[PDB]
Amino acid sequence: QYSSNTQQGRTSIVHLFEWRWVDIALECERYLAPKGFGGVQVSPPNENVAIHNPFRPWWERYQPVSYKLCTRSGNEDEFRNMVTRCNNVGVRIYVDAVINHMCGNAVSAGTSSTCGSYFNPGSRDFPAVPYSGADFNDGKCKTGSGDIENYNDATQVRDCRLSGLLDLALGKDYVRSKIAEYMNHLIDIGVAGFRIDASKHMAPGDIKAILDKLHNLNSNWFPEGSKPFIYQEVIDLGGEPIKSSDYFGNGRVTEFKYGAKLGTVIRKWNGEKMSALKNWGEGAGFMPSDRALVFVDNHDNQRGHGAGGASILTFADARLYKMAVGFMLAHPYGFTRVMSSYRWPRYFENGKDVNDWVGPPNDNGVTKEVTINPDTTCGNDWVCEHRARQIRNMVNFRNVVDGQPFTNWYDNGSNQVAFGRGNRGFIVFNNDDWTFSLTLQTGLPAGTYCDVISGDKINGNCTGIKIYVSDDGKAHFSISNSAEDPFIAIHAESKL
């Protein structure tokens, strides 16, 4: 469960949040494959409640009605077409598996669902699965509301309803089997693994019992014996009885400490500074590198959901965000996931975004296609962070330096820092209020290198800054504190 199953030499996943299947398939062929992305996290592909108040929120996709593969992203044919096309160019698909719960207990009965399946939350009837009242935890939960009220009590966190979402009886072989049937459908189509949603709300042993029922990966694309990559969503910032480590038997675990701390450091909040990043990883209090799934922001916290946090960096803070993503992709800790977002009309009241529910760009609820502008950015209100030169080129940096040790660390005791990855890459950051102008040991072979933050190597020249490494490995760097992107990165494949 720990191996990503990516093609060799690909080290990151991108979350194409709410993208349609056909647009992901095109994106695999035209962009993700040639730019060396390892794979795509897709939104939940199973049928969900169509929620019309408010109007088609992104969160309706976390309210299952059945395991039919029919959503705003596309139908089963489109999903299959995408997985095949992406695998055929060596880009994997990872599914957001919503398996702790069905929909909200107060949702009205009927056929307001993305495939028109009937369901009746009040009677616990989901005939398209099928599930009935026997398959939920009504009798097991002991809280007055039936909902989760107190995270200090592990029992209710597992047995009661997360925000009123109907909680599946995961101790029952019947329920485990229906969930495994869904996941094996996806495996056989060609999916490479899963993000297990709401993992804190399931016992580690119930997750194990489901995973035990799963097939090996599709043997046309994956070697014999391959198991799905598993990464579990557990928000563990400390202080609770449930710990991220409780889930290590099953796969990797999201490290939510990572982006919270990195945001604080890059914002220079709470007396934090980049010089402290020399101890990044376990030295910062995080879980073991071989179990962490890391990221700067995710689809919940970029809009204040989940654990939220004022320090989280997102595309809305573009300059600091690119620097944070660059640092994450250059540093060896963890397995990296890059967010790819859409725009929505943020509007704050009482310190909170009252439009944090808004779903993807749409025409009367039908998701808009992703259009590509001449300059390779996206239209139709898709942000496409993964197409920004500074991020795209850092995804390649991570591939180029894969396996090389963290070395040649420099800091000025404040916010000017630099480090290398063996003899294959070097990166330099200026987050202080004055110019960073210094000759540094890079660990690289002598030559002229293109800075991949400002530009690209193409037909024997650079389109941005050039860095000149001498025979002794030293090179001069000059980065103004008012630079639009105040960091520089060079690597073995950007050498002229």
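Residues carry their position along the shown sequence, with the first being 1.
Two stretches are in play, 183 to 191 and 376 to 384, and the higher mean C-alpha B-factor belongs to 376 to 384.
Look at the C-alpha B-factors of 350 to 358 and of 337 to 345. On average they run higher in 350 to 358. The PDB entry assigns its highest CA temperature factor, among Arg124, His299, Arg85, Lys257, to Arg124.
Among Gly326, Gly251, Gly110, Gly425, the highest C-alpha B-factor in the deposited entry belongs to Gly110.
In the PDB entry, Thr11 places in the middle third of its chain by CA B-factor. Per the deposited record, the Cα B-factor of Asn218 falls in the lowest third when ranked against the other modelled residues of its chain. In the PDB entry, a CA B factor belonging to the middle third of its chain's modelled residues is recorded for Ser311. When all modelled residues of the chain are sorted by CA temperature factor, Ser245 is found within the lowest third.
Among the modelled residues of its chain, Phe136 has a C-alpha B-factor that falls in the highest third according to the deposited record.
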